[PDB]
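Notes to accompany the following structure.
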Protein chains: 2
Amino acid sequence: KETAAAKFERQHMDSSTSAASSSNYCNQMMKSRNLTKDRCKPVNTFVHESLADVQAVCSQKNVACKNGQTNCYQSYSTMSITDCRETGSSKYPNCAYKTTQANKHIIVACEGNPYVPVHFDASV
Amino acid sequence: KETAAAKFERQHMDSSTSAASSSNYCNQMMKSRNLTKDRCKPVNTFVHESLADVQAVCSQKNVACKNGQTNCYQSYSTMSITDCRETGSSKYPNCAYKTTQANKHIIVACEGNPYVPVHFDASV
């Protein structure tokens, strides 16, 4: 099993590019990050900033999570992100994703020592 | 009880302004839309476009909802929105919200005849 922090990294971190490279970015990334193995993960966001910058969000603006939890944090600045969502004729095991690039604040839930992101809540 | 469509309108529609008017916008709106009555609703987004334009999203890009439902739709264009989230020392019944204005695509779940929005899923 993964640690919660490692799972966040696998699902949400892509510091290797400044933004989605093509309309096929999500198709490629959802597959290579193992998010299409057991099923098509319906929605997933990748963040194109350094791991350090994303971890730093845990020391930024404390805000509520969508579910009412109090350990969520909103980035003070906008970040380059890519939203991936199942679209068209996506059907497991033939998953298909829409790639939407944007620059927005991220909201993450943080836990542990060190206090690091363990869930991607939303972007604004 | 409200219809699902009416509840969406009450929670998410604000066509009366082109964007949040002040840092107090969310405090005012969460109260006046009855989202602080039984508890502080932790997170809520208002859309500053016409009702017609928001309803029209149900005929736009079919995408998966976060929970795996297949009746979500993403707006082709960005829309003026305001994200409201509990912050600081928000504690029922003294709710307190952060106001974040943005221009993003909206994703809504649609149902019924007429086919109209019944849930706000996310913004991109």
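Naming: A, B, ... by sequence-line order, numbering from 1 per chain. Just so it is clear, the values below take in all heavy atoms, side chains as well, and ignore hydrogens, waters and symmetry mates.
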**Prompt:** Under 3.5 Å, is there a donor-acceptor pair between the side chain of A:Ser15 and the main chain of A:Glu49?
**Reply:** yes
**Request:** Apply the test side chain to side chain donor-acceptor pair (under 3.5 Å) to residues A:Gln74 and B:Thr87: give CA-CA distance (whole Å), side-chain angles for both, the deciding distance (0.1 Å), then the verdict.
**Result:** CA-CA 10 Å; A:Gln74 181 166 319; B:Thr87 194; over 6 Å; no
**Request:** Please report the closest heavy-atom contact between B:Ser123 and A:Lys104, naming both atoms and the distance.
**Result:** O-NZ, 3.8 Å
**Fill in**
Taking every heavy atom of B:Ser90 against every heavy atom of B:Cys95, the minimum-distance pair comes out as OG-CA, 3.4 Å
**Message:** Please evaluate residues B:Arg85 and A:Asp121 with respect to the criterion salt bridge (charged side-chain N to carboxylate O under 4.0 Å, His left out), reporting the C-alpha separation (whole Å), side-chain torsions for both, the decisive distance (0.1 Å), and the verdict.
**Reply:** CA-CA 12 Å; B:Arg85 283 192 179 243; A:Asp121 203 47; 3.1 Å; yes
**Item:** Shortest non-hydrogen contact between B:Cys40 and B:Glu86, atoms and distance
**Value:** CB-OE2, 3.2 Å
**Prompt:** Less than 4.5 Å apart, any side-chain heavy atom of B:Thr99 and any of B:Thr82?
**Reply:** yes
**Prompt:** Is there a side-chain contact (heavy atoms from CB on, under 4.5 Å) between A:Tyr25 and A:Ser23 once you walk through the steps?
**Reply:** CA-CA 6 Å; A:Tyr25 172 90; A:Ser23 58; over 6 Å; no
**Request:** Supply the members, apart from B:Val118, of the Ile/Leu/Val/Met/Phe/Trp/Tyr cluster built from side-chain contacts under 4.5 Å; use none for a lone residue.
**Result:** none
**Request:** Step through the shown structure and confirm whether more than 12 heavy atoms of other residues, nucleotides or ligands are within 6.0 Å of CD on A:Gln101.
**Result:** yes
**Item:** Donor-acceptor under 3.5 Å (A:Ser50 side chain, A:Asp53 main chain)
**Value:** yes
**Asked** Same hydrophobic cluster for B:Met79 and B:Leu51, using side-chain heavy-atom links shorter than 4.5 Å among ILVMFWY?
**Response** yes
**Prompt:** If you measure from NZ on A:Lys31 to CG on A:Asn34, what distance do you get to the nearest 0.5 Å?
**Reply:** 8.5 Å
**Item:** Neighbour count >12 (heavy atoms, 6.0 Å) for atom CD, B:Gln60
**Value:** yes
**Prompt:** Do you know the tightest heavy-atom contact between B:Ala109 and B:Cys65?
**Reply:** CB-SG, 4.3 Å
**Message:** Less than 4.5 Å apart, side chain to side chain, heavy atoms only: is that true for A:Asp14 and A:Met29?
**Reply:** yes
**Message:** If you define the side chain from C-beta out and look only at heavy atoms, does anything of A:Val54 sit under 4.5 Å from A:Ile106?
**Reply:** yes
**Item:** Within-4.5 Å side-chain heavy-atom neighbours: A:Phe8 and A:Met13
**Value:** yes
**Request:** Report yes if some heavy atom in the side chain of A:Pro117 is under 4.5 Å from a heavy atom in the side chain of A:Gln55; otherwise report no.
**Result:** yes
**Asked** Do A:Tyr115 and A:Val63 belong together in a cluster built from hydrophobic side chains that touch within less than 4.5 Å?
**Response** no
**Request:** Just jot down the side chain to side chain contact (heavy atoms under 4.5 Å, CB included) partners of B:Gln28, sequence neighbours excluded, or say none.
**Result:** B:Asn24
**Item:** Common cluster, B:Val47/B:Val108, ILVMFWY with side-chain heavy-atom separation under 4.5 Å
**Value:** yes
**Asked** Does one hydrophobic cluster hold both B:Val124 and B:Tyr76, with members joined at side-chain heavy-atom distances below 4.5 Å?
**Response** no
**Request:** Keeping the roles fixed (side chain from B:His48, backbone from B:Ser80), state whether a donor-acceptor pair exists under 3.5 Å.
**Result:** no
**Complete:** Taken to the nearest 0.5 Å, the spacing of A:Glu111 CD from A:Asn71 CG works out to 6.0 Å
**Prompt:** Honestly curious: do A:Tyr73 and A:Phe120 fall in one hydrophobic cluster under the side-chain, below-4.5 Å linking rule?
**Reply:** yes
**Item:** Min side-chain heavy-atom separation A:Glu9-A:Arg33 under 4.5 Å
**Value:** no
**Request:** State whether the SG distance for the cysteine pair B:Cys110/B:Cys58 is less than 2.5 Å.
**Result:** yes
**Residues B:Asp38 and B:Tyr92: side-chain donor-acceptor under 3.5 angstrom** = no
**Asked** Is there a donor-acceptor pair closer than 3.5 Å between any side-chain N or O of B:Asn27 and the backbone N or O of B:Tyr97?
**Response** yes
**Item:** SG-NZ distance between A:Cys84 and A:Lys98, expressed to the nearest 0.5 angstrom
**Value:** 11.0 Å
**Message:** Keeping B:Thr3 on the side-chain end and B:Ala6 on the backbone end, is there a donor-acceptor pair under 3.5 Å?
**Reply:** yes
**Fill in**
Hits for side chain to side chain contact (heavy atoms under 4.5 Å, CB included) against B:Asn44, two or more places apart or cross-chain, chain-then-number order -> B:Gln11, B:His12, B:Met30, B:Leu35, B:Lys41, B:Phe46
